[PDB]
């Protein structure tokens, strides 16, 4: 009806349709702490919200009131909870509420309550038809919004909408190959569809990642993804990878490449590799190089790795 910023907005204490119920002030005690000096409009709405809640009034007026309470503080989980109780009691049109939550999330995308509310609605309706496109719009404004990605994974998994996600992942990686949220989604999609056991799929992924690394040598996400899809089986189980990385050593070098080499050597030593002493010496030299020159911020970590290698092999 009327928004909190509308020129014709009227305080609830002045509304005739609300005259029959007494507002309930918030009791902060005689000697308040962390006392917020609320604006008159804020307190007005919450004094009446407290009244309807305490009275557990499942009414249309109470429903409209929650909308104002939310605008004043969208992080108030108690209001959202009551609004959901009202949606059910009043048998409100859920598609209408979806249009409402859509606008709200667009305005405040970094809020836990709005995304949870939307999930509840999709669950109640068992209708995910608007989700992927809506999420895509949010991500178009902030490609790393954590809540957006979490909601996207839930929808895809709950309603089995895997068909076009890898294509979506590739598009976002084209836009920003450094978007770690997208590499995470990539793993999410593959691990839940084909899996990484299919050697053809793994080869495709290792090739894809290596190409991205050659394109942007200092992008940590690609390096982390490479290790991520190979670590469970063991980095030493892929002999050709060591050589290829060793070839890029002189040129496409970086702390990421050197660190990856140490990780390979660690696994090799842990798997009774041949020429153990030689491998250990190479690993230790690299740990020193990393600690003293190429990755000094992680000096303590690399020194620890050097000592660990010596205690184990």
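Residue numbers count along the first chain shown, from 1.
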Report summary line: Higher avg CA temperature factor (274 to 282 vs 260 to 268, as deposited) belongs to 274 to 282
Report summary line: For 100 to 108 versus 179 to 187, entry-based mean Cα B-factors point to 100 to 108
**Report entry** Top Cα B factor in the deposited entry, candidates 73, 209, 224, 89
**Finding:** 89
Query raised in the report: From 149, 115, 77, 124, can you pick the one with the highest C-alpha B factor in the entry?
Result: 124
Report task. Could you look up the Cα B-factor of residue 15 in the entry and say which third of the chain it sits in: lowest, middle or highest? Result -> highest
Query raised in the report: Where does residue 217 sit by CA temperature factor within its chain: lowest, middle or highest third?
Result: middle
Report task. State the tercile, meaning the lowest, middle or highest third, of residue 45 with respect to the CA B-factors recorded for its chain. Result -> lowest
Requested in this report: Using the B-factors in the PDB entry, rank residue 228's C-alpha atom against the chain and give the third, lowest, middle or highest.
Outcome: lowest
Query raised in the report: Considering only modelled residues of the same chain, in which third does the CA B-factor of residue 242 rank: lowest, middle or highest?
Result: highest
